[PDB]
Every structure is written in structure tokens, then in C-alpha cells.
Amino acid sequence: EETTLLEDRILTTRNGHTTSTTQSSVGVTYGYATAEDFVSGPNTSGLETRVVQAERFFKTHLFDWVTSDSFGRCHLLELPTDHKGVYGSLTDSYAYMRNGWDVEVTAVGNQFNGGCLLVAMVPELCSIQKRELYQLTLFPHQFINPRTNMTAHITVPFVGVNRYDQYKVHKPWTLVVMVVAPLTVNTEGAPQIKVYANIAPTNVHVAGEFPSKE
Amino acid sequence: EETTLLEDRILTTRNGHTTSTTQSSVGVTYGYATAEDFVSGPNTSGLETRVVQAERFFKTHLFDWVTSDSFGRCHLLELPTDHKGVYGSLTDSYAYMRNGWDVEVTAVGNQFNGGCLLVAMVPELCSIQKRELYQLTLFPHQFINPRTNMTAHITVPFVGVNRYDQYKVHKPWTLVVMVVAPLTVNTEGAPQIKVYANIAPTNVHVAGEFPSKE
Amino acid sequence: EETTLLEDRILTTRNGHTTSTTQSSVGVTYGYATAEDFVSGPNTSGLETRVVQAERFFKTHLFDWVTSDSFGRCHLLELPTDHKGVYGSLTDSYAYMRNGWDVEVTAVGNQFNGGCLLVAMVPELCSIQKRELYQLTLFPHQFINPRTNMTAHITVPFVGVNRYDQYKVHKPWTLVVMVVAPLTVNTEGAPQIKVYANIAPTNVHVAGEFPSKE
Amino acid sequence: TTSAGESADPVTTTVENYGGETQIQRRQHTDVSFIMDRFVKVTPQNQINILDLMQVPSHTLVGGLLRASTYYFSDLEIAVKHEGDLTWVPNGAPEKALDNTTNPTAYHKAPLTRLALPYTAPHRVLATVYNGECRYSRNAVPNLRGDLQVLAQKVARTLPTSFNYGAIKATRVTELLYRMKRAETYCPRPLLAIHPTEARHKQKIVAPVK
Amino acid sequence: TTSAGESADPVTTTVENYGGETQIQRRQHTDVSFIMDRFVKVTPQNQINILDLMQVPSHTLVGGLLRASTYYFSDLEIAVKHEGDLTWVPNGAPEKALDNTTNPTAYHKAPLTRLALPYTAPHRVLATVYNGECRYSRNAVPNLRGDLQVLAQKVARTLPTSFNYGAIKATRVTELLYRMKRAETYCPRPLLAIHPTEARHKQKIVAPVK
Amino acid sequence: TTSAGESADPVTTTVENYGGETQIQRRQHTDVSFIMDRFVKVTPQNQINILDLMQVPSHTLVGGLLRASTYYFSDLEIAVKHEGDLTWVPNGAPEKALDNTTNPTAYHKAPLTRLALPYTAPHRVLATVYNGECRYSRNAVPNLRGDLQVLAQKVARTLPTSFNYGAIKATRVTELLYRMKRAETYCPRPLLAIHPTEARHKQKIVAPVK
């Protein structure tokens, strides 16, 4: 790690013409793989194309971490979610798509806060009982713990029973942020911490072009 | 030294099957020597043995450092002291013994405290006048100063007019902790600092086995 | 930069038999050059001499940075200023002089203060309008920003339309400290920061010895 | 050892850190292929049974461990106790095909029929859990955001119709057991022991005689 | 990039940091010698004019940019519209020398006289600003300390008498233009655009016809 | 130089840090063997005197410096002014041996007797201070914990009986001086100057004549 009152664990991620820099890095977690599997299979008959213009960061607010949230308070975000940009327009121009996710979650208070957040990328999240939250570390994850860091970064591939997805009927991944230890503010911490996601789709491939409404 | 708000001066001491780790290390002070002198002399006639099972950490509370303690407030611990474990049982099974000491003293408050502690290992401490406390640095020592560290570590050998001791009538070493600058708590320090010792006997040799009470 | 709550950006400057050390260094700014130009020109006819005994630090208070000072509050110090030591006596014993300046400016509060100071060395400072203060970074400078550092160091050469000066009628350099962002004290900062200069003349050369008053 | 806890990089210390010695381990029993490869009983339907591994109760060894994976592959064996003849039909068949004997039909031979069946789904792998719909003619699935409450919309979902190993039919099927062959498991998911009321979960364990 | 802001070490990022490409630049027009080398009009005195570059209005291109340097060097060209003959005298001349024709005198030839003049000051370089006095017989200059207010003492100061390129005199001089030749500039000083009332300073820019 | 003050690692700067120069030093006078090797007077007992270096007053040079060590070794010289003959007996002797002349007895020869004596204790080294008891038949020594107050129990302790260089006896011994030969000192202990009332301790120092 590196130096006096603040830090040099310093990472710049680039996705397209968008960059993000943290000085409290902790590294990135690669989930299930280091690369995607084959993008060109039998089910697309050679008709698929990469659309590099969608591989870039978009942003959404997740929740506000406050002192009354207890162990097991969660916020889920299913992926893909509403995107009003060029990724979002792909889902209405092509019948089949596949992409992984480069995920960056922020919880900035200051180093006088306490408590701890687990951020995780779960596939096919249909239900999670309370007792299973004790095993959420089974999934690609990283913690946000104020005394160390303010950013979590997980990079995950496309997964699914099928090589290309139809995102209007299926959501392969859910970002989950879970409170593992309640926020403490003491005399000097931030009164609450807003949690934000900066997400980039990676390796987006589309196949099967739709008509227009003309 | 090493990095932002907390630190990497990181030491793990092992004595037997017991370990101790600090992240605010400052190093260890070796007193009077780097090794013990000869363990096998004329006075034991080749009958002495090492008992490696006693070389491990035991713990005792020393005192509570509070804001009303002034320069020269001391706490002495004569060594050996009461040990209800295998070292302690050696002193009742053998007439003569020798061992050095690996000493670890802790004073955890936080980095918003001020004040300073001198910890020292003095041989044959029978009396210490107030004015002599200005020269306690003559002895194997180290400071505990909150802004830098919470641990002192001194490693000292067996010393004595005789090569093996009889600990039921003589105490070769006294651990002394002395307040050199009074504790300050300001708005953010710990209200007081409890001082604890973690001590391991080193190189214990015994000779001259006693009867039992049977 | 380097480590936990405090720092190792550690510089010792020596000028004569005087030293100054900071642990929050940030480096030194060299203005307009790395060396002086020629010290021995036609205008002194070979009669000039170096007087190494004047090359050392002298000290003056500049101002007290308080929370009511707004952007653009300045404190100027014209150089040379009153010196009651051997540099000061040179200005009354020789008609012509030249020297550069090694300048060290201090603003110690603590790391819980906020706000920012620009320190700059301006030549021939006769007037400065408010709008020009936005371009004071044109001049040899460095910032003092509490969260990073407490010291600014600028080293500048002799400059002038003439190779040797007459300091009783012309002041080539003005030290200016300017408030760029107002001081914040919050619950833990220093209530105000006194600003001090530690200045050493460098390369002092004199020519043209005056009578006495005898 | 100390480490950065936030990282997620696995940290495995050993007893050597205080003078012990790590021993050898033989882990043949927690190998996925071996442990998944034993029969498990299911409660059969009187006549038509579609072969769906999610029918094995979640508390059993094979149900417990199959649900601890997201995606899986295997071939299958079944053993069936039935009256009449047993017909099996692959994934994708019309259900009326269950009545035509050119489809694999096994004639009754006491006490039971055990069959090796291939994986027939149209997918490279199947899933124990699937966050979506297979019916088209609907309205799009929402992009849910929120806490755990939000997941209650999904409870009326049945796993896609293509997630099966075909179906079998006989006049009466009395007993059905499945056995996963050549199993592969991907992406672990939670595995829960019983939660004790007491400090330790206590059970009568098998002990000598008197 | 992140850097230590307090340092003053120049930090120049490029569009490459997010996938762009830095282009080539041709900077011939912001070269000091070229840009300073054009004539600029000054308001003349009826007869004696001392040649002092600080006479060109501060808002002009050459006045704007000459004041953005502390010390400067150049030779000079002047073009002068005048009645009679024009005499020039170097730096340091008695003003009564302006009436003696052996000193460089140009005889009237319509419409104007343009002359190349050398730098004649006794200083290696001249300054646009000078914090001091040239009159001796005075009392010493103070060592001022304080805020900006302290600088108001200096307003009645005129630049040293030696800071000039001589002087010219004719019966009537009607127009005078200066042009700096071979200019050198040292130690940059502030250069101010117009301050807008609005979000953007707007002007009628030269556009086609109708 | 800056350093970590808590460390205890000796830090010795020099005048070179600001342009001075460290000179050569000749330290022959603060060598333990040399400085300990001079006679020092003790107040004798009328007849039996046991030879115990802790008898030399703590304020003297040899008493001051002997108490600044924990353990020490030396041989010994004594010079004794006495009536009759002087008998010495080694460490461990019965005191009635002091009356038998085969034990080293020196016959009176004016003005005094000076003798070289060996170290005779049964210990490899002797100590100026000893935190314990030599009498057995007692109860065990406590393991004291507490502040300085706790050390007041120990004041009635006399140094072990074996800590001596024998004993001497004569009809009257009038003067006794000890001189440590070949001295070795281990583990430094405090050495105290006089504490002044004033800013500086002032004394009449030896000066010329008038």
C-alpha cells in the first residue's frame, strides 16, 4: 500500500473515451475468468459484429448507506439496466447480444467512518434467503471498508446457458451491495455515504437486426 | 517507515507455538549482547538440560496510563514473576535455572494521544532515586510514543555473578515502564491507555532435580 | 511521496553554518535559471569579491493567515529587506552588490486545515492589479496546501537591467504570498496559521568600497 | 499473516506459521463427478414424468450439491419401477409421442428398468436458477433495482421448458431415481447446513451395540 | 493524470490518455521576434519626441505583448510624418543637440521618413517595469512589507532617464510609428483579455456581404 | 539529522552537518582500567576489616565510578597503616583464622604495608548491587510488581557474604586504602553530578597567586 494520512494504491481504468481514477485502489477482482469464451458460435451463423462504441462507462446511484441499516441490508441492480445511450439503443436494434461487465462501485465518506460493505456480482439471481448472505463471498466480490478504501472494482465475463442472450427477457447478472457491518460516524466521519456505480459493458457483440418502426 | 494514516513497520515474533504481530514496529532492542554466553559450565557438572517447551509467550497487565501520572511515575515487574504454566513448574522441579527474556510491551491508545513512555530492562534493580531516572536510557530500552508506535520490544540475555540462578532467592531483571511525558487525550485520543506485557523466556536451562512431595 | 498519518518527502537545505529541515517537502522551484550568469563583467573592472560569510539564513515573520482573508489577500516583502547581520553591513560598506535568493516559506497549521497559499518571487514588482493575480503563476512559485505540505522553497538568481545593483535605490525581487483559497479550520485544524520566511542570499558579490564615517 | 481484507484474493495460512506441519490430503470424495454419481429417489407422478433434475429435494446430498452450482452438464441414468412398458422421449418432443413405442420403449422385466440416457437439451449447459422468462409473447422483463423485497416478483416463474432430459411414461410409475453421469458444475452458490437451536447440533450417531 | 498540485512542475496531459491523437502544431506566429516586428502608431508631441517604447498604448498588440515581459532588447525602426527635417540624437544626448544637423538629420521627402536605428542604452537590457529610482540625491528607497496597499507609494515614479532609444525633433511631427527589430523578451508578466459582462464576450466578426 | 526517536539506536551527528570538522580525540583517561587504578582512603574498623570495595564512599571518584557498573572484576592492592602485624585471610575463611600467622602475615615496617592481593571470590564476577538474598533458610523472595514504593522492602539487605576480597586484622589499623588492579566493568548504571541551586554550579577553582 502507500503513505501519510491519504494513499498511493492508484488505478486509472479506461473504457472507450471515458476514464476513472481512484487513489484508494485495493485492485480488481476478476470473476470466473480472465477472458471471454468464444464470441462466434454456431447460433449466429457468422452474422454477429462487435460494437466498440458501446464499451464505455455509464453511471447510476445505488443507495445511501446510513447508520440504521443493519447486516444484510442489500441493494440489487439487475444488469443490463436502462441505458439511454448507444448500449441502450443496441437492445432495440438487435435481437441477440452478449457482453461482460467492468464494474466500479464507490462509497465515499472519509477515513473516520467505520462499518463495511461487500460488493458482489451474482449470476442468475432469482432469490436469496437471509442465511445465504453469509456465503455471498462465493461470488466475485470485494469489500469497501472506510479505513482502507472507497472503491470496489469487479470485472466479470458473459455467462449463460446460451452463447448470445435476449436481454428483453433475461438478466444474467445482478450487482449486489450488502451492509456486513453497520456504518459508524463517531465525531469526525461523513454523516452518511452515498453509493454510486460506474459500469462499462465489455466485448459487446450483437446479431440479428430488427426492422424499424417506419 | 511505511504509509497513509496507519503503518507498515510490520514485525511477527514467534516463541514456541505462540506468535505476536504489530503493524507499528520501530524494531527490537538487543541489550548487552546478541547471544547468551556459555550455558554449560563447571557449576552444573554436565547435568543441565534445555527445556524448549517453556520458551513461549505469557501475558500480564502492567498499569493504566492516565493523564494524572507525571514524569517519573514507574511500574516495575521483577523477572521471573508468577507463572502458572510450564516455565512456572520448572522453578519447583529444578534447583538451578538460567534463561534470557524476549519482552514485548504494548500501550494502545490511538495516534491522537500524546505523551511518551520509556520501557527499560534493568539488572539487579534494588533501588532507584528520582534523579537517576534521568539516566534510565543507560539500560536496554525503547520508547512508546503514540504518534509513532504502540509496541516496545527488548531482547535481553541471562546476566549474573553466577552462571545458573536460584530464582526463589534472586531476581536478575526488572521490567520498568516510566512516564517521561504525561498522557494527553485532546478531543480525539483514547481516554487512557492500558499497558500490557507479553514476555517469553528464551534459552531455558535447568539443573538439579528436586524430590516431589510424595 | 511517503507514509501513515505524517511524511517522508524530507529535505535539508544548508546555507553557510545554518540548516533548515522539513518533512513535508514537495521539492524546490528554480526560477528563470539553474545558475547565475557572469559575476565578473566590464562594469566592476575586476574589483569585485565574493563574501561567502553573508550566504546564510535570516528570518522574518510575514503575516497571520486567518479565516477572514479572502482570495487575493497578499503580503509583499521587497528584497533586500532590513538585515541587522553581515549581509546588512555589506550594503553600507560597498556601493554595488549582486546576489540571488534561496527562499523558504512556512505555514504550519496541521492537516485538518484547508485553504491554499500561492508563494511567488516577482521581479520589479511596482504594481499588481486584482485581475493579474489570476496569472501570478507566471512567476517562480509553489503552493502551500495544508493537506499536503507546510513549506514552499523557491531558488531564484540575480536579475536586472544592470549586472550589479545599488540596493539603496532599487529592489529587484518581491516575495509575494497570496491567499488563493480561504483558510478553513473545521473542528480539528489550527485556529490560524502564522506565515514565516527563512531567506538566504546566494552568491553575494560586492564592489566599490565606501569611506567610513571616521 | 496480515493481508488487505478488502481484496478478495484468497489467503491460505498453514500451521507452519507457528511450527506445525501440513499433512497430505486425499480429496477423492469431494470431486464433483464422483459425489454427483449415485442414485437419488424422487416422488414420481402416476404416469407422465418429465425428467427434470430440479425435482430432487434440496436437502438431499445430490439436491443440496446440484443447487450449489449455477450451470451444470451431465448425462443421466434412471431406474424406474413401473407397470406396463416404459417409453422415454427426448427434450423437445410433443407429449403425445409418449404413447408411441418406436420412441425408446422398455418392456417390463421385474423388478425395475435401469436406462443410460444422453443429455438432449438444445443449450450448451442447463441452469439450476434462471433470471428470466422463456415465453415470448409477453411484455419485457423489468430491470429491477432495490433491496431483497424486489426479488418477490419472480416466485411464480418456472424454469424454461427446454431445461429437461426428456420424459418417460408407463401405466403406473411407482419409483423413480436419477443418477448424474459425467457431471460438470460451474459458478458455486450457497450450501446451507441445518441451523442449530443449541451451541452444537447434536444427533444420535451410530455406535456399538449395548 | 494525478500529480502533486503544490509542486509547480508543469504537467501537460494529451488526448491520448483517452484514445485521441495529438496533431502537429506550427507556432511561427507566437514567436517573439516575428510578432513584435510590425509598426504601431503612437500619439506624437508637436516637436520633441523622446523614443520610448512604453509610449505604445497597453491595449495594442505590441503594447499588450511588450508589457508581458520584464526585460527586453531590440533594435528599432521608426516612420515619421513631419514638417522640416528630422534630427535624431542617441541615448545620453543633451536635448539642445536636437538642433544640430551633424547629428543624424533626414531631409524632408514626401510622404514620410523611415529610419533603422540601433539600440543605444548603457544597459545590457531595458525593462518595462523598474522597482526603484535613478536620482541619487534623495534619501534611500524603503524596504516595503505589507499588502497590495503598500505599492501605492510607487505611482509617481517615472522609468529611469536612461531607458530610451534617443529622441527625434522636426518642426511638426504629425505621425510616429515604432517597430521593434530582433526583439528578445525575458521573464513573462500578466497578459489580460477584456473582462466580459456576459458569459461570452461577443463582437461583430467580419462576415460575407448581405 | 532526523531519526526515529523511539528506536534507541544511537544517533551521533557531527559538526560536518553544517560545515565544521570533527577533530581527533585521545581518550586514555576515561579507560576503565586506568581510571580505576589509583588508591582511595576508607574509614577503617579498629581491628578486623573485611575487604569490601563497597566500603569506598559513593562520592569519591573510585566509589562514583565503581557504582556506575553492575558487575565488576579486579585484583586488589591495599596499603595499611597499623600497629602490630597485619594478617590477611582469603574469601571464605573463618574469622578466627585472622589470628593465625601462617595465613599471609606482614610484620610491621614503618610507615605502612602495601600488599598485592588476588581476587578470591567463588563467583566469576562480583556485583555493586544484587536483587536477592544469600541466606537459604528463609521463605522465598517475592516477585514484586508496582511502582517505586515497592523497592523499600529491600533496604535492610546486605550484599551476599561471598562478595569480599578477604579480610585483614592487626592490633590497630589506622589507615586503609584500596586500589583496583586490572578492573573490568559490565552494565552501566547512573552517575550523578551535584545538583546546583543556581543555573551553574560554581566553585573556587585553583588560580594564580595574588
Side-chain angles (χ1 to χ4, degrees), chain C residues 11-20 27-60 77-105 119-125 139-142 152-175 197-210, chain E residues 8 70-71 123-125 127 130-132 141 143 186-187, chain F residues 17-20:
Chain C
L11 222 223
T12 305
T13 302
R14 205 174 116 222
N15 285 115
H17 304 325
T18 66
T19 66
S20 185
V28 1
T29 295
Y30 291 93
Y32 299 149
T34 266
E36 312 254 86
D37 66 312
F38 320 78
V39 123
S40 204
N43 68 302
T44 39
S45 271
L47 271 358
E48 68 290 333
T49 47
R50 161 97 99 123
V51 8
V52 124
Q53 294 75 18
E55 307 184 349
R56 40 162 33 245
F57 285 115
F58 63 104
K59 311 175 186 301
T60 188
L77 182 67
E78 308 191 304
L79 259 7
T81 216
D82 335 297
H83 191 285
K84 317 311 294 306
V86 339
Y87 184 77
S89 78
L90 263 34
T91 69
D92 278 310
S93 318
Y94 299 87
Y96 304 97
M97 289 191 53
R98 60 124 72 204
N99 66 258
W101 298 103
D102 183 36
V103 178
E104 190 188 77
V105 185
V119 353
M121 281 292 284
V122 187
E124 316 285 357
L125 181 51
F139 299 113
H141 71 270
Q142 209 169 64
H153 200 321
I154 298 154
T155 304
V156 112
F158 179 73
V159 294
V161 302
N162 294 129
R163 186 172 306 101
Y164 278 67
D165 222 328
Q166 313 183 64
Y167 292 145
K168 288 221 270 61
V169 287
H170 176 262
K171 299 305 182 285
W173 291 101
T174 294
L175 171 57
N198 189 35
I199 292 152
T202 55
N203 282 94
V204 348
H205 285 84
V206 299
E209 46 272 50
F210 282 142
Chain E
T70 309
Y71 308 105
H123 307 286
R124 79 243 262 229
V125 99
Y130 183 89
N131 187 18
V141 129
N143 310 305
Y186 307 74
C187 302
Chain F
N17 288 27
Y18 48 92

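Proteins come first, then strands; the chains are lettered A, B, ... in the order of their sequence lines, and each starts at number 1. Hydrogens, waters and symmetry mates are skipped; everything else that's a heavy atom, side chains included, is used.
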Exercise for review: Drop me the distance from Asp102(C)'s CG to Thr202(C)'s OG1, to the nearest 0.5 angstrom.
Suggested key: 6.5 Å
Check your understanding: So do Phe210(C) and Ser93(C) actually touch side chain to side chain, heavy atoms under 4.5 Å?
Key -> no
Exercise for review: Locate the shortest heavy-atom distance separating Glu78(C) from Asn131(E); write the atom from each residue and the value.
Suggested key: OE2-ND2, 3.2 Å
**Study point:** Considering all heavy atoms, the nearest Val86(C)-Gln53(C) contact
**Key:** CG2-O, 3.4 Å
**Study point:** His17(C) and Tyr18(F) aromatic ring geometry - parallel, tilted or perpendicular at 30°/60° bounds
**Key:** perpendicular
Point to revise | Side-chain (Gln142(C)) to main-chain (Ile154(C)) donor-acceptor, under 3.5 angstrom | key: no
Practice item. Please answer whether the main-chain N or O of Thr13(C) pairs with a side-chain N or O of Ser20(C) as donor and acceptor at a distance below 3.5 Å. Key: no
**Study point:** Between OH on residue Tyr32(C) and CZ on residue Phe158(C), distance to nearest 0.5 Å
**Key:** 14.5 Å
Check your understanding: Can you find a pair of side-chain heavy atoms, one from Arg124(E) and one from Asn162(C), that are under 4.5 Å apart?
Key -> no
Practice item. Over all heavy atoms of both residues, which pair between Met121(C) and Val156(C) is shortest? Give the atoms and the distance, please. Key: CE-CG1, 3.9 Å
Check your understanding: Which heavy atom in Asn15(C) sits nearest to a heavy atom in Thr18(C), and how many Å separate them?
Key -> O-OG1, 2.5 Å
**Study point:** From OG1 (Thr19(C)) to CG (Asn198(C)), nearest 0.5 Å
**Key:** 9.5 Å
Check your understanding: Is the shortest heavy-atom distance from the side chain of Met97(C) to the side chain of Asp165(C) under 4.5 Å?
Key -> no
Point to revise | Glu55(C) side chain to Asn203(C) backbone, donor-acceptor under 3.5 Å | key: yes
Revision key, fill the gap. To the nearest 0.5 Å, atom CD of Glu104(C) lies from atom NZ of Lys59(C) at 8.0 Å
**Study point:** Point-to-point distance, once rounded to the nearest 0.5 Å, from OG1 of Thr44(C) to NE2 of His205(C)
**Key:** 9.5 Å
Practice item. Determine the minimum heavy-atom distance between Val125(E) and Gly160(C), stating which atoms define it. Key: CG1-O, 4.3 Å
Check your understanding: Salt bridge between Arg98(C) and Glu48(C), side-chain N to carboxylate O under 4.0 Å?
Key -> no
Practice item. Flag the pair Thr91(C) / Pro80(C) as yes when at least one side-chain heavy-atom distance between them is below 4.5 Å, and no otherwise. Key: no
Check your understanding: So, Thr70(E) and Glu124(C): side-chain donor and acceptor under 3.5 Å apart, yes or no?
Key -> no
Exercise for review: Step by step, work out the side chain to side chain contact (heavy atoms under 4.5 Å, CB included) result for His170(C) and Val141(E).
Suggested key: CA-CA 7 Å; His170(C) 176 262; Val141(E) 129; over 6 Å; no
Check your understanding: Between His141(C) (side chain) and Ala120(C) (backbone), is there a donor-acceptor pair under 3.5 Å?
Key -> no
Review point. Side chains of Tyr30(C) and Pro157(C): does their closest heavy-atom pair fall under 4.5 Å?
Key: no
Check your understanding: Distance from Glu209(C) atom CD to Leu90(C) atom CG, nearest 0.5 Å?
Key -> 11.5 Å
Point to revise | Qualifying residue, where the test is side-chain contact (heavy atoms from CB on, under 4.5 Å) with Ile199(C) and the options are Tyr87(C), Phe58(C), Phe57(C) | key: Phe58(C)
Exercise for review: Verify side chain to side chain contact (heavy atoms under 4.5 Å, CB included) between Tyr71(E) and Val161(C), making sure each step is shown before the conclusion.
Suggested key: CA-CA 7 Å; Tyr71(E) 308 105; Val161(C) 302; 3.8 Å; yes
